[PDB]
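Peer 1: Data file upload.cif (mmCIF, C-alpha atoms and all ligand atoms) is appended below.
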data_target
#
loop_
_atom_site.label_atom_id
_atom_site.label_comp_id
_atom_site.auth_asym_id
_atom_site.auth_seq_id
_atom_site.Cartn_x
_atom_site.Cartn_y
_atom_site.Cartn_z
CA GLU G 15 -12.35 40.01 21.49
CA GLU G 16 -15.74 39.93 19.73
CA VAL G 17 -17.10 36.76 18.07
CA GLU G 18 -19.22 36.84 14.90
CA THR G 19 -21.27 33.78 13.96
CA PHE G 20 -22.28 32.72 10.47
CA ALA G 21 -24.90 30.29 9.24
CA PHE G 22 -23.74 27.84 6.58
CA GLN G 23 -25.84 29.58 3.91
CA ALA G 24 -26.08 26.38 1.87
CA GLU G 25 -26.10 22.75 2.86
CA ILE G 26 -22.76 22.05 4.44
CA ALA G 27 -24.81 18.92 5.26
CA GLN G 28 -24.90 17.93 1.60
CA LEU G 29 -21.12 18.45 1.34
CA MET G 30 -20.46 16.44 4.52
CA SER G 31 -22.66 13.57 3.24
CA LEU G 32 -20.84 13.58 -0.14
CA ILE G 33 -17.51 13.46 1.65
CA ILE G 34 -18.45 10.52 3.86
CA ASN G 35 -19.94 8.68 0.88
CA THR G 36 -16.81 9.32 -1.18
CA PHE G 37 -13.76 9.16 1.14
CA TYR G 38 -14.80 7.49 4.40
CA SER G 39 -12.72 4.42 3.43
CA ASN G 40 -9.68 6.59 2.64
CA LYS G 41 -9.69 9.33 5.28
CA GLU G 42 -5.98 10.14 4.78
CA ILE G 43 -7.04 12.32 1.82
CA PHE G 44 -7.53 15.24 4.23
CA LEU G 45 -3.76 15.67 4.66
CA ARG G 46 -3.36 15.74 0.91
CA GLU G 47 -6.00 18.47 0.54
CA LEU G 48 -4.72 20.63 3.42
CA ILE G 49 -1.07 20.41 2.24
CA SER G 50 -2.28 21.29 -1.24
CA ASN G 51 -4.19 24.29 0.10
CA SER G 52 -0.97 25.49 1.79
CA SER G 53 0.96 25.12 -1.49
CA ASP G 54 -1.60 27.26 -3.30
CA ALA G 55 -1.36 30.06 -0.71
CA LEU G 56 2.48 29.76 -0.79
CA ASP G 57 2.43 30.13 -4.59
CA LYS G 58 0.33 33.26 -4.15
CA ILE G 59 2.80 35.07 -1.85
CA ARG G 60 5.74 33.94 -4.03
CA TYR G 61 3.98 35.31 -7.08
CA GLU G 62 3.13 38.56 -5.36
CA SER G 63 6.66 39.02 -4.01
CA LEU G 64 7.97 39.25 -7.59
CA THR G 65 6.06 42.44 -8.50
CA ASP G 66 6.75 43.86 -5.01
CA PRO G 67 9.34 42.27 -2.61
CA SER G 68 8.14 44.16 0.47
CA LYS G 69 5.29 41.62 0.48
CA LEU G 70 7.87 39.43 2.27
CA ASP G 71 8.53 41.94 5.07
CA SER G 72 6.08 39.76 7.06
CA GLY G 73 8.38 36.76 6.65
CA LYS G 74 10.72 35.33 3.99
CA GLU G 75 10.63 31.58 4.67
CA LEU G 76 7.97 29.92 2.48
CA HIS G 77 7.20 26.46 3.95
CA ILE G 78 4.70 24.04 5.53
CA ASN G 79 4.98 22.42 8.98
CA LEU G 80 3.03 19.52 10.44
CA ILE G 81 2.64 19.38 14.23
CA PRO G 82 0.88 16.43 15.93
CA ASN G 83 0.15 16.75 19.67
CA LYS G 84 -0.94 13.53 21.37
CA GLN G 85 -1.67 15.16 24.73
CA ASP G 86 -4.14 17.64 23.20
CA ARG G 87 -5.33 15.25 20.44
CA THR G 88 -4.60 17.90 17.81
CA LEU G 89 -2.90 17.85 14.42
CA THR G 90 -1.91 21.29 13.19
CA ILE G 91 -0.70 22.30 9.75
CA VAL G 92 1.11 25.66 9.43
CA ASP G 93 2.09 27.53 6.28
CA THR G 94 3.67 30.91 5.48
CA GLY G 95 1.38 31.44 2.52
CA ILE G 96 -0.32 34.68 1.56
CA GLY G 97 -2.92 34.14 4.33
CA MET G 98 -6.54 35.34 4.26
CA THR G 99 -8.28 38.65 4.93
CA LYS G 100 -11.60 38.48 6.77
CA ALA G 101 -13.49 38.54 3.46
CA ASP G 102 -11.21 35.81 2.00
CA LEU G 103 -11.74 33.63 5.09
CA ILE G 104 -15.54 33.92 4.72
CA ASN G 105 -15.37 33.55 0.94
CA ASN G 106 -13.20 30.43 1.05
CA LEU G 107 -14.84 28.73 4.00
CA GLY G 108 -18.45 29.85 3.45
CA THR G 109 -19.49 31.19 0.05
CA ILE G 110 -17.50 28.57 -1.87
CA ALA G 111 -18.84 25.61 0.08
CA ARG G 112 -22.18 26.34 -1.66
CA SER G 113 -21.06 26.72 -5.28
CA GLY G 114 -18.20 24.23 -4.93
CA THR G 115 -20.30 21.35 -3.62
CA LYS G 116 -22.73 21.90 -6.49
CA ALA G 117 -20.03 22.11 -9.18
CA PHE G 118 -18.26 19.03 -7.80
CA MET G 119 -21.44 16.93 -7.50
CA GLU G 120 -22.24 17.70 -11.16
CA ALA G 121 -18.79 16.59 -12.24
CA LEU G 122 -18.95 13.43 -10.14
CA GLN G 123 -22.13 12.37 -11.98
CA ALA G 124 -20.57 13.12 -15.35
CA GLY G 125 -17.98 10.62 -14.11
CA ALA G 126 -15.10 12.75 -12.72
CA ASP G 127 -12.86 11.02 -10.16
CA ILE G 128 -13.31 11.89 -6.51
CA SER G 129 -9.62 12.83 -6.45
CA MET G 130 -10.76 16.11 -8.06
CA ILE G 131 -12.32 17.42 -4.79
CA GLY G 132 -9.51 20.02 -4.32
CA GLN G 133 -10.26 21.64 -7.72
CA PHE G 134 -13.83 22.42 -6.63
CA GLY G 135 -12.75 24.53 -3.66
CA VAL G 136 -13.99 22.23 -0.89
CA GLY G 137 -11.03 19.92 -0.17
CA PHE G 138 -10.68 21.61 3.25
CA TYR G 139 -13.90 19.97 4.53
CA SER G 140 -12.39 16.49 4.19
CA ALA G 141 -10.90 17.35 7.57
CA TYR G 142 -14.34 16.59 9.02
CA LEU G 143 -13.53 12.91 8.34
CA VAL G 144 -10.91 12.95 11.10
CA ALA G 145 -11.76 15.99 13.21
CA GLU G 146 -14.71 16.87 15.43
CA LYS G 147 -13.71 20.54 15.28
CA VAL G 148 -11.33 22.66 13.22
CA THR G 149 -9.79 26.05 14.00
CA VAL G 150 -8.25 28.13 11.22
CA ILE G 151 -5.87 30.94 12.32
CA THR G 152 -4.78 33.21 9.50
CA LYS G 153 -2.95 36.50 8.78
CA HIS G 154 -2.75 38.46 5.50
CA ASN G 155 -0.54 41.55 5.01
CA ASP G 156 -3.54 43.74 4.23
CA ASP G 157 -5.58 42.75 7.34
CA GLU G 158 -5.55 41.66 11.02
CA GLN G 159 -5.13 38.10 12.33
CA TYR G 160 -8.39 36.09 12.49
CA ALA G 161 -9.58 32.80 13.94
CA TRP G 162 -12.27 30.76 12.18
CA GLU G 163 -13.82 27.81 13.98
CA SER G 164 -16.56 25.27 13.22
CA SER G 165 -17.82 21.81 14.07
CA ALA G 166 -19.32 21.71 10.54
CA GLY G 167 -22.82 22.06 12.05
CA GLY G 168 -25.01 24.95 10.92
CA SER G 169 -22.48 27.62 11.77
CA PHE G 170 -18.89 28.82 12.10
CA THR G 171 -17.38 31.74 14.04
CA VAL G 172 -14.90 34.40 12.92
CA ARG G 173 -13.08 36.47 15.58
CA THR G 174 -10.05 38.75 15.77
CA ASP G 175 -7.32 36.55 17.28
CA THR G 176 -5.07 37.58 20.18
CA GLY G 177 -2.84 34.53 20.80
CA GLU G 178 0.72 34.24 19.44
CA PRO G 179 0.81 36.33 16.19
CA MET G 180 1.97 34.57 13.06
CA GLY G 181 3.46 37.07 10.67
CA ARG G 182 1.73 35.84 7.53
CA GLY G 183 -0.06 32.59 6.71
CA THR G 184 -2.53 30.00 7.93
CA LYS G 185 -2.60 27.43 10.65
CA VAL G 186 -5.30 24.77 10.59
CA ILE G 187 -5.80 22.96 13.91
CA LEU G 188 -7.71 19.67 13.78
CA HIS G 189 -9.18 18.34 17.02
CA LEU G 190 -9.22 14.68 16.08
CA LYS G 191 -12.03 12.26 16.93
CA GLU G 192 -11.48 9.55 19.58
CA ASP G 193 -11.17 6.86 16.91
CA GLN G 194 -8.86 8.82 14.59
CA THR G 195 -5.80 9.42 16.84
CA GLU G 196 -3.71 7.43 14.36
CA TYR G 197 -2.94 10.72 12.55
CA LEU G 198 -0.86 11.75 15.56
CA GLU G 199 1.59 8.92 14.78
CA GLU G 200 4.87 10.07 13.19
CA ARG G 201 5.06 6.86 11.09
CA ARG G 202 1.53 7.39 9.69
CA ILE G 203 2.00 11.07 8.77
CA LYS G 204 5.18 9.98 6.98
CA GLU G 205 3.45 7.38 4.79
CA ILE G 206 0.76 9.92 3.93
CA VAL G 207 3.06 12.78 2.92
CA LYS G 208 5.18 10.44 0.79
CA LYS G 209 2.11 8.81 -0.74
CA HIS G 210 0.23 12.06 -1.57
CA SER G 211 2.39 15.16 -1.49
CA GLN G 212 5.89 14.28 -2.78
CA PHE G 213 5.65 16.80 -5.62
CA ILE G 214 4.68 19.80 -3.47
CA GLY G 215 7.20 22.51 -4.43
CA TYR G 216 7.80 23.69 -0.82
CA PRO G 217 9.49 22.07 2.21
CA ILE G 218 7.08 20.04 4.29
CA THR G 219 8.48 19.48 7.76
CA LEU G 220 7.15 17.09 10.37
CA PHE G 221 7.77 18.31 13.91
CA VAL G 222 8.25 15.11 15.91
CA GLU G 223 7.18 15.07 19.57
CA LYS G 224 9.79 14.03 22.18
CA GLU G 225 7.94 11.52 24.45
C1 LIG Y 1 -6.86 35.59 -0.61
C2 LIG Y 1 -5.75 34.61 -0.89
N1 LIG Y 1 -5.50 33.67 0.23
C3 LIG Y 1 -5.60 32.35 -0.03
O1 LIG Y 1 -5.98 31.97 -1.15
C4 LIG Y 1 -5.28 31.48 0.99
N2 LIG Y 1 -4.54 31.85 2.03
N3 LIG Y 1 -4.42 30.77 2.87
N4 LIG Y 1 -5.13 29.74 2.38
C5 LIG Y 1 -5.26 28.54 2.96
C6 LIG Y 1 -6.56 28.02 3.15
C7 LIG Y 1 -6.80 26.78 3.75
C8 LIG Y 1 -8.12 26.28 3.95
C9 LIG Y 1 -8.52 26.64 5.41
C10 LIG Y 1 -9.18 26.98 3.03
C11 LIG Y 1 -5.69 26.06 4.20
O2 LIG Y 1 -5.92 24.81 4.77
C12 LIG Y 1 -4.37 26.58 4.03
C13 LIG Y 1 -4.18 27.81 3.42
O3 LIG Y 1 -2.91 28.36 3.25
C14 LIG Y 1 -5.68 30.20 1.21
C15 LIG Y 1 -6.42 29.41 0.39
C16 LIG Y 1 -7.68 29.79 -0.15
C17 LIG Y 1 -8.34 28.87 -1.00
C18 LIG Y 1 -7.79 27.61 -1.33
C19 LIG Y 1 -8.50 26.71 -2.17
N5 LIG Y 1 -8.04 26.77 -3.57
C20 LIG Y 1 -8.93 25.87 -4.40
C21 LIG Y 1 -8.80 26.15 -5.94
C22 LIG Y 1 -10.00 25.56 -6.75
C23 LIG Y 1 -9.80 25.76 -8.26
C24 LIG Y 1 -8.52 25.05 -8.73
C25 LIG Y 1 -7.28 25.65 -8.01
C26 LIG Y 1 -7.42 25.66 -6.47
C27 LIG Y 1 -6.53 27.24 -0.83
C28 LIG Y 1 -5.87 28.14 0.04
#
For the structure just supplied, provide its representation as structure tokens.
Ligand SMILES: CCNC(=O)c1nnn(-c2cc(C(C)C)c(O)cc2O)c1-c1ccc(CNCC2CCCCC2)cc1
Peer 2:
Amino acid sequence: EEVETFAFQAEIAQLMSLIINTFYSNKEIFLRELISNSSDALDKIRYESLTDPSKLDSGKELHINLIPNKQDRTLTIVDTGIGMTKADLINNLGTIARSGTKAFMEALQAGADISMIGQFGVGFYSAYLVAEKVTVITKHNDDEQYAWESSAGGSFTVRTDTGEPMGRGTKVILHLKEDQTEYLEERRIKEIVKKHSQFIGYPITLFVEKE
């Protein structure tokens, strides 16, 4: 019930600027990066389940779901990956923004393609192209469920979460910007998944809204 607040102990500003000046014309990249993040976490639980199958006591189905919500202007991406402990959450959303931005900027000068963003540990922040705010709910076997949240300003919060428990994995909720509601369209999400994520080795399921 207690909220901790962290300062972006680098320039998340530098990262955000790089991302605008690199993908603002092709915002749809965010879905590719988020889906790819899920796949990595999914690989991790799969791998770990081999040495020790009780790892899957928290859930057997290894998959990714997309869930637009036009009423709430949210697009949510759920996976049953290995999830994140507190430390992993901070590490992956804080510590690695710093070193990852740096590493990526250096490679971009040396001439690397922008499509490499994922490999430098910062693909998640491409969500700030479409979303004013992002919430990340996550659960790892070796820890409690946590909610991370940030508007990409100078800070993010981490709190123990108390809403519906997932058993293992990560849900990213994007509160879209007024002008970016197109990513709530079934047709659009379809194009994107086909265009970017056809070779993801796990089922990606779009949950269509009734209307
Ligand atoms: C301690 C082990 N747990 C995890 O690794 C994990 N668990 N869930 N996720 C995860 C994270 C995100 C972002 C919020 C960071 C996500 O959108 C979906 C996820 O499943 C992650 C996760 C953590 C980090 C990353 C980023 N990997 C970038 C890396 C860079 C070097 C090349 C290979 C790939 C992707 C997913």
Peer 1: Hey, which residues sit close to ligand LIG 1 (chain Y)? Say within 9 Å, counting all atoms listed in the file, and write them as an MDAnalysis selection string.
Peer 2: chainID G and resid 47:56 58:59 91:99 101:103 105:107 114 131:139 149:154 162 183:186
Peer 1: Can you write out the residues you just picked, keeping C-alpha atoms, as a PDB file, keeping the file's coordinate frame?
Peer 2:
ATOM      1  CA  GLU G  47      -6.000  18.470   0.540  1.00  0.00           C
ATOM      2  CA  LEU G  48      -4.720  20.630   3.420  1.00  0.00           C
ATOM      3  CA  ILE G  49      -1.070  20.410   2.240  1.00  0.00           C
ATOM      4  CA  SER G  50      -2.280  21.290  -1.240  1.00  0.00           C
ATOM      5  CA  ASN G  51      -4.190  24.290   0.100  1.00  0.00           C
ATOM      6  CA  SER G  52      -0.970  25.490   1.790  1.00  0.00           C
ATOM      7  CA  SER G  53       0.960  25.120  -1.490  1.00  0.00           C
ATOM      8  CA  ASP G  54      -1.600  27.260  -3.300  1.00  0.00           C
ATOM      9  CA  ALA G  55      -1.360  30.060  -0.710  1.00  0.00           C
ATOM     10  CA  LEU G  56       2.480  29.760  -0.790  1.00  0.00           C
ATOM     11  CA  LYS G  58       0.330  33.260  -4.150  1.00  0.00           C
ATOM     12  CA  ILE G  59       2.800  35.070  -1.850  1.00  0.00           C
ATOM     13  CA  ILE G  91      -0.700  22.300   9.750  1.00  0.00           C
ATOM     14  CA  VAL G  92       1.110  25.660   9.430  1.00  0.00           C
ATOM     15  CA  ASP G  93       2.090  27.530   6.280  1.00  0.00           C
ATOM     16  CA  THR G  94       3.670  30.910   5.480  1.00  0.00           C
ATOM     17  CA  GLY G  95       1.380  31.440   2.520  1.00  0.00           C
ATOM     18  CA  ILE G  96      -0.320  34.680   1.560  1.00  0.00           C
ATOM     19  CA  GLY G  97      -2.920  34.140   4.330  1.00  0.00           C
ATOM     20  CA  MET G  98      -6.540  35.340   4.260  1.00  0.00           C
ATOM     21  CA  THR G  99      -8.280  38.650   4.930  1.00  0.00           C
ATOM     22  CA  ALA G 101     -13.490  38.540   3.460  1.00  0.00           C
ATOM     23  CA  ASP G 102     -11.210  35.810   2.000  1.00  0.00           C
ATOM     24  CA  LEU G 103     -11.740  33.630   5.090  1.00  0.00           C
ATOM     25  CA  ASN G 105     -15.370  33.550   0.940  1.00  0.00           C
ATOM     26  CA  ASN G 106     -13.200  30.430   1.050  1.00  0.00           C
ATOM     27  CA  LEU G 107     -14.840  28.730   4.000  1.00  0.00           C
ATOM     28  CA  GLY G 114     -18.200  24.230  -4.930  1.00  0.00           C
ATOM     29  CA  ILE G 131     -12.320  17.420  -4.790  1.00  0.00           C
ATOM     30  CA  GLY G 132      -9.510  20.020  -4.320  1.00  0.00           C
ATOM     31  CA  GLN G 133     -10.260  21.640  -7.720  1.00  0.00           C
ATOM     32  CA  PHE G 134     -13.830  22.420  -6.630  1.00  0.00           C
ATOM     33  CA  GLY G 135     -12.750  24.530  -3.660  1.00  0.00           C
ATOM     34  CA  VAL G 136     -13.990  22.230  -0.890  1.00  0.00           C
ATOM     35  CA  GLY G 137     -11.030  19.920  -0.170  1.00  0.00           C
ATOM     36  CA  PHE G 138     -10.680  21.610   3.250  1.00  0.00           C
ATOM     37  CA  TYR G 139     -13.900  19.970   4.530  1.00  0.00           C
ATOM     38  CA  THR G 149      -9.790  26.050  14.000  1.00  0.00           C
ATOM     39  CA  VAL G 150      -8.250  28.130  11.220  1.00  0.00           C
ATOM     40  CA  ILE G 151      -5.870  30.940  12.320  1.00  0.00           C
ATOM     41  CA  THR G 152      -4.780  33.210   9.500  1.00  0.00           C
ATOM     42  CA  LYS G 153      -2.950  36.500   8.780  1.00  0.00           C
ATOM     43  CA  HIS G 154      -2.750  38.460   5.500  1.00  0.00           C
ATOM     44  CA  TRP G 162     -12.270  30.760  12.180  1.00  0.00           C
ATOM     45  CA  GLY G 183      -0.060  32.590   6.710  1.00  0.00           C
ATOM     46  CA  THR G 184      -2.530  30.000   7.930  1.00  0.00           C
ATOM     47  CA  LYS G 185      -2.600  27.430  10.650  1.00  0.00           C
ATOM     48  CA  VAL G 186      -5.300  24.770  10.590  1.00  0.00           C
TER      49      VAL G 186
END
Peer 1: Hey, can you check how far CA of residue 90 (chain G) sits from CA of residue 77 (chain G)?
Peer 2: 14.0 Å
Peer 1: What does the distance from CA of residue 142 (chain G) to CA of residue 100 (chain G) come to in Å, to one decimal?
Peer 2: 22.2 Å
Peer 1: Which neighbours of residue 191 (chain G) fall inside 6 Å, counting only C-alpha atoms, when residues of the same chain fewer than 2 positions from it are skipped, and could you give them as number ranges by chain?
Peer 2: G: 144-146, 193-194
Peer 1: How would the residues just picked look written out with C-alpha atoms as a PDB file, keeping the file's coordinate frame?
Peer 2:
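again_21.pdb, written as the output of this step:
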ATOM      1  CA  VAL G 144     -10.910  12.950  11.100  1.00  0.00           C
ATOM      2  CA  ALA G 145     -11.760  15.990  13.210  1.00  0.00           C
ATOM      3  CA  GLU G 146     -14.710  16.870  15.430  1.00  0.00           C
ATOM      4  CA  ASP G 193     -11.170   6.860  16.910  1.00  0.00           C
ATOM      5  CA  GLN G 194      -8.860   8.820  14.590  1.00  0.00           C
TER       6      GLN G 194
END
Peer 1: What's the separation between CA of residue 38 (chain G) and CA of residue 161 (chain G), in Å to one decimal place?
Peer 2: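 So the answer is 27.5 Å.
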Peer 1: Set out as a tab-separated table a contact list for region 109-197 of chain G and region 206-225 of chain G with a cut-off of 12 Å, giving each residue of region 109-197 of chain G that qualifies its closest atom pair and distance in Å to one decimal, counting only C-alpha atoms, ordered by chain and rising residue number.
Peer 2:
residue	atom	partner	partner_atom	distance
G:129	CA	G:210	CA	11.0
G:196	CA	G:206	CA	11.6
G:197	CA	G:206	CA	9.4
Peer 1: Calculate, to one decimal in Å, the centre and edge lengths of the box along x, y and z of the file that holds all listed atoms of region 101-113 of chain G with 6 Å of margin on each side, and present them as AutoDock Vina command-line options.
Peer 2:
--center_x -16.7 --center_y 32.1 --center_z -0.1 --size_x 23.0 --size_y 24.9 --size_z 22.4
Peer 1: Save region 88-106 of chain G to disk from that block, N, CA, C and O atoms included, as a compact mmCIF listing (two decimals), in the first residue's frame.
Peer 2:
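Output file selection-v5.txt is given in full below:
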# COMPACT_ATOMS: atom_id res chain seq x y z
N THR G 88 -6.93 2.73 -23.30
CA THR G 88 -5.73 1.99 -22.93
C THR G 88 -5.50 0.85 -23.91
O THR G 88 -6.45 0.28 -24.44
N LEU G 89 -4.22 0.53 -24.11
CA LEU G 89 -3.80 -0.66 -24.82
C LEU G 89 -2.85 -1.41 -23.89
O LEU G 89 -1.86 -0.86 -23.42
N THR G 90 -3.23 -2.65 -23.58
CA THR G 90 -2.53 -3.45 -22.59
C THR G 90 -1.93 -4.65 -23.29
O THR G 90 -2.54 -5.20 -24.20
N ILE G 91 -0.74 -5.06 -22.84
CA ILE G 91 -0.07 -6.20 -23.43
C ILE G 91 0.30 -7.10 -22.26
O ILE G 91 1.10 -6.68 -21.42
N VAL G 92 -0.27 -8.32 -22.22
CA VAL G 92 0.00 -9.27 -21.14
C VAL G 92 0.87 -10.43 -21.62
O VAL G 92 0.66 -10.97 -22.71
N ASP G 93 1.79 -10.88 -20.76
CA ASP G 93 2.53 -12.09 -21.05
C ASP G 93 2.62 -12.93 -19.78
O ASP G 93 2.44 -12.40 -18.69
N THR G 94 2.95 -14.22 -19.96
CA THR G 94 3.13 -15.17 -18.87
C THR G 94 4.61 -15.52 -18.76
O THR G 94 5.01 -16.63 -18.36
N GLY G 95 5.43 -14.53 -19.09
CA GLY G 95 6.87 -14.68 -18.96
C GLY G 95 7.31 -14.80 -17.51
O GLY G 95 6.49 -14.80 -16.60
N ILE G 96 8.63 -14.84 -17.33
CA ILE G 96 9.25 -15.09 -16.04
C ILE G 96 8.95 -13.96 -15.06
O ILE G 96 9.19 -14.13 -13.86
N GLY G 97 8.45 -12.81 -15.54
CA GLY G 97 8.16 -11.68 -14.67
C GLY G 97 9.41 -11.04 -14.06
O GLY G 97 10.53 -11.44 -14.36
N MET G 98 9.20 -10.01 -13.21
CA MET G 98 10.33 -9.29 -12.63
C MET G 98 10.21 -9.18 -11.10
O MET G 98 9.18 -8.80 -10.57
N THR G 99 11.30 -9.49 -10.38
CA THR G 99 11.38 -9.08 -8.99
C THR G 99 11.47 -7.55 -8.91
O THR G 99 11.65 -6.86 -9.92
N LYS G 100 11.33 -7.02 -7.69
CA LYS G 100 11.51 -5.59 -7.46
C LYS G 100 12.82 -5.15 -8.12
O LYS G 100 12.80 -4.28 -8.99
N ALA G 101 13.95 -5.76 -7.72
CA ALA G 101 15.25 -5.36 -8.22
C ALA G 101 15.31 -5.42 -9.75
O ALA G 101 15.96 -4.57 -10.37
N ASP G 102 14.63 -6.39 -10.37
CA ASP G 102 14.70 -6.58 -11.82
C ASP G 102 13.97 -5.44 -12.52
O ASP G 102 14.42 -4.96 -13.55
N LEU G 103 12.82 -5.08 -11.93
CA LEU G 103 11.93 -4.00 -12.33
C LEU G 103 12.74 -2.70 -12.34
O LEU G 103 12.76 -2.00 -13.35
N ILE G 104 13.44 -2.41 -11.25
CA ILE G 104 14.24 -1.19 -11.16
C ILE G 104 15.40 -1.26 -12.14
O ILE G 104 15.64 -0.31 -12.88
N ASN G 105 16.09 -2.40 -12.16
CA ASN G 105 17.21 -2.62 -13.05
C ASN G 105 16.80 -2.36 -14.51
O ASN G 105 17.45 -1.59 -15.22
N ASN G 106 15.69 -2.96 -14.93
CA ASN G 106 15.33 -2.96 -16.34
C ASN G 106 14.63 -1.67 -16.74
O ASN G 106 14.58 -1.35 -17.92
